[PDB]
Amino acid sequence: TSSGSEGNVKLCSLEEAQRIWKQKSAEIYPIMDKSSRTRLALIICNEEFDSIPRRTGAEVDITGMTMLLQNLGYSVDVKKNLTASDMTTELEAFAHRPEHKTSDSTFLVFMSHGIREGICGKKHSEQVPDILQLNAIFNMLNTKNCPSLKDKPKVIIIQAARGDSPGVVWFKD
């Protein structure tokens, strides 16, 4: 049933979990007790922009990802329409959250317009760029800047174009 906390996410049974723990030795990330763990996730989604086209359909993405991450056991913070500076501030605050200490993992989701260099902030234009680089995201979440997430999986998901090209070439059969 999809009425449970995990919704439409297919459950891992007790026999399935033991099969995973038997096939691989000490090569799996440990998960904390369900009763006490405080898993955190952050979604930053930019839909409304100053100078570039509105991202219609972004609400569907926010809904889908929020519900999915909740299904997987994460408490989800949703932040919308931020500059690159605001995203940096938000990421810094996220890295400082006390819950990471009693968590086993985290998810970061970024959804916006994008260019080769990185992810567009709300104020982005060709004349005056407003870009958050993937490199900055990693730096803000690493062991130096986020010691609470040491040894813990940090999954970064980015929906954004990476340039203007169609990503295809032709060939003949």
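All residue numbers refer to positions in the sequence shown, first residue = 1.
Undergrad: Regarding 6-14 and 21-29, which shows the higher C-alpha temperature factor on average in the entry?
TA: Stretch with the greater average CA B-factor: 21-29.
Undergrad: Looking only at CA atoms, which has the higher mean B factor in the entry: 68-76 or 86-94?
TA: Going by the record's values, the stretch with the higher mean is 86-94.
Undergrad: Between 52, 136, 111, 40, let me know which has the highest C-alpha B-factor in the entry?
TA: Answer, based on the entry's C-alpha B-factors: 52.
Undergrad: If I read the C-alpha B-factors straight from the PDB entry, which of 63, 148, 142, 35 is highest?
TA: That would be 35, according to the entry.
Undergrad: Considering only modelled residues of the same chain, in which third does the CA B-factor of residue 125 rank: lowest, middle or highest?
TA: Highest third.
Undergrad: Sorting by Cα B-factor within the chain, modelled residues only, which third would residue 56 end up in: lowest, middle or highest?
TA: Highest third.
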